[PDB]
Each structure stands twice: as C-alpha cells, then as structure tokens.
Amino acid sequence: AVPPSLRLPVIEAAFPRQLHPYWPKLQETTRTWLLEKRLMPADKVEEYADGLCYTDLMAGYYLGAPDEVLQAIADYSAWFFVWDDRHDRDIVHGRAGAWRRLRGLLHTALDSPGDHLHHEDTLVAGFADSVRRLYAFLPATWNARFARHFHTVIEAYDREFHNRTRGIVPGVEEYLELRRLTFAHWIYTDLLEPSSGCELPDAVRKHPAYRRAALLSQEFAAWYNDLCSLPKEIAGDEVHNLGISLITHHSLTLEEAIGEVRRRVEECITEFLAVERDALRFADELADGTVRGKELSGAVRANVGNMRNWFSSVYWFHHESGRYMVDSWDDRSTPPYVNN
C-alpha cells in the first residue's frame, strides 16, 4: 500500500523485484558484522537492524554477484548508512572537529585500508574492513577507480556538513550535481563490475549507452529517496533534498514540490528504458564470436540488468525500511536507530 503521492505504477508493473539467493544468510551475516564491529549499539541492532532492510536493498540490486562480493557490498552499504547517521549527528551536535578528523581518516583508510582495520573509531575500522575486502576482487586498476570516486564522495559529505552548519540550502542545479556524489552514483556503478566478475574496459563502460543507463539508474534512486525521505528530513532539519531546494529557492508549496520531484523521477524511468535498449544492443555487438567478446557482452548484460534491478529494489526499500517511518517514531526529529 504505497501512498498515492509516492506510488509509481510503471515500477510496480514493469520492474518486477528480484532477490539474490544468498539474502537469508546475508541478512544474518551483516547484522553480526554490525555487532562485531560495534557500528550500532547492540540494543539498537537487536531492535532495528533487520527492520532497516539494508541487506534487502543490495540483495535486490547486485543479482548474480558471488556471495563473498555481495557480503562485502552489503557490509560496506550498511556502514554507509551508519556513516550518514554519524554525519547527521555530528552536524546537529556541532562537532566540527570530530567530523574533520573522521573525514581525514576515511581519506587515508580509503588508500590503505589494511592499516586501519583496528582503528579506535569503530566507524573507521568498519569502513577499512569492508573496503579491504572490496579491493580483493578485481585488478588494482579497478581499486584505484573506486578510490578516486570515493575521495570525491567524502568531500561531498564535507560540503553538506558546511551547508547545514551555515544554514545554506543549495540551488536546484548545485544540488543535482552534489547529489551524484552524496548518493555515491559512481561507487555503486563501480560495484557492478566485481558483481559480474569483470573489470570493464573504458571503451565499454564509457560507451554513451552504458554511461547513460548507469546515470539514470542512480538519478531515479537518489530522487526517489528525496521524495520518500522528505518527511523525516524536514523533521530533522536536513537541507539536502530536491524538494527542499525547490521550496526554498522557487516558492513552491510542499504539495507542488512533491509533484515536481515525482515527475522528474518518472522521466528517469522512461529515459532509462530507451537507453537500456541501446545498451543491450551494444552488448549484442560485443558478442562477436570470441571468448573475450562473449565475456564483455555477458558482463554488460548483467550490469545493465542490475541497473534495472536498482529501480525496483530502491522503490520497495523506501516503503519497507524502518529508516523512513517517521510517523511511528516517538520523536520525529530524532530517529530511534541513530546514536544520539
């Protein structure tokens, strides 16, 4: 029962959900990882971890991934949500120094995760553990691209810290650019490749159809999060949300801003369907009767398939996850799963 302001019939009719067979063990293993890495208090892990659906989200995304790859992705992604919470709490507590030091350690750990596996900040240690494992799947050229992308992501989170401390709501276009980094568009595009077992040549992953399909998948997901997380973000004095940029800088009502965000989300779907056809045509061309061409074509088909799976996984995640159920919280402004 999706609220009509949030319901997308095209997703419900034409993007059937998919689920990785490892998900039952994935849910248990990531929960244990959160406990053993002390990324959330044990009582909050017990009450909320499964209800947050972080493993469900990724198991509906990276279909076909080796179990060990999916486990590293799920641990990294659960860490990422907890990092978003830490970021938020440092902002509302005014802990500029604590955030600066964390930001610095993540940059260093990103380049040398082994050195940081037992850092006193368990949030740094958990990052290092998941990143070191992600670095063990593909050649070092893929590792360097992941690092390059995530250095940029950290600095976008730092820009958000300064915005919220200074009381700045970004403009629409500045927000749209920033959001491709705070949502980690290019990290989760990178992770398609270990999931299908193949570092893609630049001429393949930078093909205009591959690049556009990857972009639209993430824009849909980011803007649909904006639509669904707007209530809890308004309650929490978050300022980063396409709807908030529209209300602040364009005199839209709340109902009008929600309408504009929804129509932009909808356009992502139908733009994706067009480029998806082009990307699969490119896959057909790559299958030229050679083993390498069969390998590249198969990787493109899997990766573009998972770009499509991202639509349905993100859609249902926002209605199943306790992360967004602000009407059920004792304090709408302080979600019960965050460490305050």
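We number the residues from 1 along the sequence you see.
On mean C-alpha B-factor from the PDB entry, just flag whether 331-339 or 1-9 is the higher one.
-> Mean C-alpha B-factor is greater for 1-9.
Average Cα temperature factor in the PDB entry - higher stretch of 112-120, 80-88 | In the deposited entry, the stretch with the higher C-alpha B-factor mean is 112-120.
Of the choices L102, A203, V153, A128, which one's C-alpha carries the largest B-factor in the record?
-> Checking the PDB record, the top C-alpha B-factor among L102, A203, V153, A128 is at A203.
From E160, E219, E173, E199, can you pick the one with the highest C-alpha B factor in the entry?
-> That would be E173.
Determine, from the deposited record, the chain-internal third of the Cα B-factor for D288: lowest, middle or highest.
-> For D288, whose C-alpha B-factor we compare with every modelled residue in the chain, the answer is the highest third.
Where the record places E233 (Cα B-factor, split into thirds across the chain) = Within its chain, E233 is a lowest-third residue by C-alpha B-factor, going by the deposited values.
For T30, does the deposited CA B-factor place it in the lowest, middle or highest third of the chain?
-> Answer is lowest: the recorded C-alpha B-factor places it there.
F282 CA temperature factor, ranked by third within the chain = Highest third - that is where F282 ends up once the chain's C-alpha B-factors are sorted.
Within this chain, which third does the Cα B-factor at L273 fall in: lowest, middle or highest?
-> It falls in the bottom third of the chain.
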